[PDB]
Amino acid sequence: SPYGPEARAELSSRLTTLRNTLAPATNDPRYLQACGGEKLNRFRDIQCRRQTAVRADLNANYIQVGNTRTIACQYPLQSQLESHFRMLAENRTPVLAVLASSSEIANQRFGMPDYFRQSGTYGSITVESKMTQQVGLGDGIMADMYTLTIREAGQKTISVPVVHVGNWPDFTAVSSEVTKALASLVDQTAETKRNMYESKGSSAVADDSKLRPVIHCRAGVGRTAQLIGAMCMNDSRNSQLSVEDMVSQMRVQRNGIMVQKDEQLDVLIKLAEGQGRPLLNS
């Protein structure tokens, strides 16, 4: 069977080799180094591939999986909020998906600023947050939506749709079903916003680096990778892209931890199976 134990063990074997190869050495030239000064990485061992880095002072990467273009990042550190908002505004972000829970954000020990549910001033940037719809995803998991309006003197004002999975559970994986519902919602939100930009003749439409959904959880490697994998499977342009391809691509373009847990890879396996998409490359 293409989705049996033997196939799963082979997929695991190829991915483990790749994680090992991509493990960051001290002062690794493959990875962004703090430039710095200020702490760049939220976690010491969770680093940001230099050649696909979005900004020199964020832990954030452009990732293309097949045809699917995204940005994946860590939850921005306190010091990084201005730069983070500048990334969001410059990208003409069509959806920001935050997969860290309300309980994580509320936990002062974790240093995850509640930057999208309240208004605020961050250096030369001001941000206004407004609550919009709430969408159930299944299993009682809820997406709370917002718009963030980012203002800065001498810059165009940009509003960004936010999808926040406020009760992502901390003790269990989220199911493939909830994952698929979340990828659909995030993709739909992006498509509505991207359409507005296309309608106005935005020059961002022509720029490979712009109009990318931005996805973060806490480290930007576990929950983030599970959603990015599900989004690439939702994309009609990605026929025949294997699970091995998707995960290898996320790993090379961000770090070797992308899809951090077995349960996360299992979701991607189950979604692929549902589509009759291959796990392994021939």
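One-based numbering along the sequence shown.
Stretches 150-158 and 68-76 differ in mean CA B factor, with 150-158 having the higher one. Averaged over Cα atoms, the B-factor as recorded in the entry is higher for 238-246 than for the other of 238-246 and 213-221.
Considering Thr189, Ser203, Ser102, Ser83 together, the PDB entry gives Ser203 the largest C-alpha B factor. Among all modelled residues in its chain, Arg42 ranks in the middle third by Cα B-factor. Placement of the Cα temperature factor of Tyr115 within the chain: lowest third of the modelled residues, per the deposited record. When the CA B factors of the chain's modelled residues are split into thirds, the value for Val174 lands in the highest one. The deposited CA B-factor of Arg254 belongs to the lowest third of values across its chain. Per the PDB record, residue ranking by Cα B-factor puts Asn195 in the lowest third of the chain.
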